[PDB]
Amino acid sequence: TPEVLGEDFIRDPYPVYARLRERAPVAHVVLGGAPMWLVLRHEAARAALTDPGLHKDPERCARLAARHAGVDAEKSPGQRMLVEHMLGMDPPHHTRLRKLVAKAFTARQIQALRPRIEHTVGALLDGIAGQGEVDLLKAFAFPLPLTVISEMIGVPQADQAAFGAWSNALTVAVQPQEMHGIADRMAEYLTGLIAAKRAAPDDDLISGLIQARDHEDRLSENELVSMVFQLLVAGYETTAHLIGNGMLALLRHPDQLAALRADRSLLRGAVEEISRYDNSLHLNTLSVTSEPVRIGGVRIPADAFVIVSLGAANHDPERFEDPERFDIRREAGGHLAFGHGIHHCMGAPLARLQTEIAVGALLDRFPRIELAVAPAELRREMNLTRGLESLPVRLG
Amino acid sequence: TXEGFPXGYX
Ligand code: HEM
């Protein structure tokens with residue numbers, strides 16, 4: 001029988017994972033009324049993530065989804081921007097896109113990353129120092145990656161708040177025409193930005209993406225919009241909630257917080273354990289089969305939705321001992337917070353860099369930081385990205 | 001959202 005996964009799962013997924021993962025390495029479940037296959041064990045997850053039988057095909061997903069809702073033309077630029085990126089395609093097309101996007105990074109762009117992150121972190125902490133209590137998400141965890149990614153991409157400072165707010169609104173849309181409307185505005189904005197960098201190339205990643213070439217091959221206008229969008233959003237709320245979840249873990253384990261403050265040689269290991277323990281993404285993006293596939297000994301039929309639970313794999317006792325415990329001194333190497341295989345997260349070094357600097361700088365500036373509320377007052381967002389509604393902290 | 005469906009997640 002197909003276990004129904006609802007709002008309780010969304011808010012608190014790891015106890016569901018602990019019960020299904022013991023039963024089999026893959027579970028047949030129903031998520032949002034859609035039957036699908038949930039890969040749970042670490043080995044099975046690595047195999048699924050390297051299995052060419054799992055396809056990124058948003059068009060087939062749409063067609064299959066229409067069938068489960070029993071319902072059955074020109075795509076708007078928003079519609080296209082949402083799905084015409086790296087995570088929306090398979091090789092060879094995926095190989096080409098990611099070859100070109102990797103060329104766009106210049107050495108100057110990469111080197112400015114660390115100085116820029118420490119300057120933004122600095123500015124943000126100067127703006128909250130003196131307040132007794134702040135919501136660390138709105139005051140720090142969300143603005144930092146918004147700024148860093150926006151500056152790397154080339155979004156002007158005066159436009160950054162608005163792009164962030166549109167991203168939040170895209171994230172909470174419930175109806176396709178609404179989502180498409182938000183996306184259409186975003187795509188229109190990114191079309192203007194791209195036009196201005198064609199006319200006057202700067203030292204930003206948009207200009208790098210326009211100029212990248214493989215002989216005469218280049219990113220089309222469509223691919224540019226979709227990739228600039230994905231690069232802006234893929235690390236915005238994901239980095240913020242990594243920082244949020246990690247700071248929450250650190251505050252709920254004050255001995256390790258103090259240990260980390262006293263010994264920065266534990267910082268790298270602390271960021272790794274944050275990704276393993278409570279990653280902002282416990283699920284990867286939806287995949288669809290075209291033919292039967294074999295994952296963890298479980299046969300999955302053709303025309304099936306397949307989702308890989310990075311979180312369940314990261315909490316797999318076959319791979320990590322005492323996996324429900326947060327322990328920065330652990331060997332957390334080999335987690336799947338950034339994926340695995342051809343779609344492995346392109347931004348993983350940047351996400352690690354921002355998180356390491358942000359947490360380090362927080363504990364340096366605010367030695368007496370603590371939760372400002374009782375844990376029973378915290379709430380998780382009703383969202384596939386694992387994140388808190390707020391993180392109230394007393395800076396002291 | 002980034003496989004073309006409302007409900008966040010891209
Ligand atoms: C803590 C923050 C982040 C987490 C947890 C994360 C996680 C992931 C995961 C798990 C995937 C694989 C998706 C799948 O297989 O369905 C992925 C892909 C990707 N991520 Fe990240 N990511 C983060 C930050 C970033 C940042 C900062 C960027 C860029 C600014 C970025 C850009 C990308 C891109 C372009 C892909 C697609 C690569 C491909 O499909 O070949 N991510 N991410």
# chains A, B, ... in the order shown; residues from 1 in each chain; ligands from 1
>>> closest_atom_pairs(of="chain B", to="ligand 1", cutoff="12 Å", atoms="only C-alpha atoms and all ligand atoms", output="tab-separated table")
residue	atom	partner	partner_atom_place_in_ligand_line	distance
B:2	CA	ligand 1	16 (O)	9.7
B:3	CA	ligand 1	16 (O)	9.7
B:9	CA	ligand 1	16 (O)	10.2
B:10	CA	ligand 1	16 (O)	10.6
>>> residues_around(residues="residue B:7", least_positions_apart="2", cutoff="7 Å", atoms="only C-alpha atoms", output="ChimeraX atom specification")
/A:171-174 /B:1,5,9
>>> write_last_selection(atoms="N, CA and C atoms", output="CSV table (one decimal), in the first residue's frame")
chain,number,residue,atom,x,y,z
A,171,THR,N,8.3,31.0,-4.6
A,171,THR,CA,8.4,29.8,-3.7
A,171,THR,C,7.0,29.5,-3.1
A,172,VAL,N,6.2,30.5,-2.9
A,172,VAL,CA,4.9,30.2,-2.2
A,172,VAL,C,3.7,30.2,-3.1
A,173,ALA,N,3.9,30.4,-4.4
A,173,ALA,CA,2.8,30.4,-5.4
A,173,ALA,C,2.2,29.0,-5.3
A,174,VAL,N,0.8,28.9,-5.5
A,174,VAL,CA,0.1,27.7,-5.4
A,174,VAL,C,-0.6,27.3,-6.7
B,1,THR,N,9.0,24.0,-8.4
B,1,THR,CA,9.0,25.1,-9.4
B,1,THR,C,10.0,24.9,-10.5
B,5,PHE,N,6.4,23.0,-11.6
B,5,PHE,CA,5.2,22.9,-10.8
B,5,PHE,C,5.2,23.9,-9.7
B,9,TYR,N,10.3,24.7,-4.2
B,9,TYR,CA,11.3,23.8,-4.7
B,9,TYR,C,11.8,24.3,-6.1
>>> closest_residue(among="A:309, A:160, A:279, A:256", to="residue A:48", atoms="only C-alpha atoms")
A:309
>>> closest_residue(among="A:275, A:50, A:191, A:168", to="chain B", atoms="only C-alpha atoms")
A:168
>>> atom_distance(atom1="atom CA of residue A:276", atom2="atom CA of residue A:335")
5.6 Å
>>> atom_distance(atom1="atom CA of residue A:233", atom2="atom CA of residue A:190")
12.7 Å
>>> residues_around(residues="stretch 207-209 of chain A", least_positions_apart="4", cutoff="9 Å", atoms="only C-alpha atoms", output="number ranges by chain")
A: 100-106, 153-154, 194, 197-198, 200-203, 213, 218-219, 224, 227-228
>>> decode(residues="chain B", atoms="C-alpha atoms", output="short mmCIF file (atom, residue, chain, number, x, y, z; two decimals), in the first residue's frame")
data_model
loop_
_atom_site.label_atom_id
_atom_site.label_comp_id
_atom_site.auth_asym_id
_atom_site.auth_seq_id
_atom_site.Cartn_x
_atom_site.Cartn_y
_atom_site.Cartn_z
CA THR B 1 9.02 25.08 -9.38
CA UNK B 2 12.25 24.24 -11.20
CA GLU B 3 10.68 21.19 -12.80
CA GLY B 4 7.68 23.36 -13.69
CA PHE B 5 5.21 22.87 -10.83
CA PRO B 6 3.88 25.25 -8.15
CA UNK B 7 4.71 24.22 -4.59
CA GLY B 8 8.12 25.82 -4.14
CA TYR B 9 11.31 23.83 -4.68
CA UNK B 10 12.58 26.06 -7.49
#
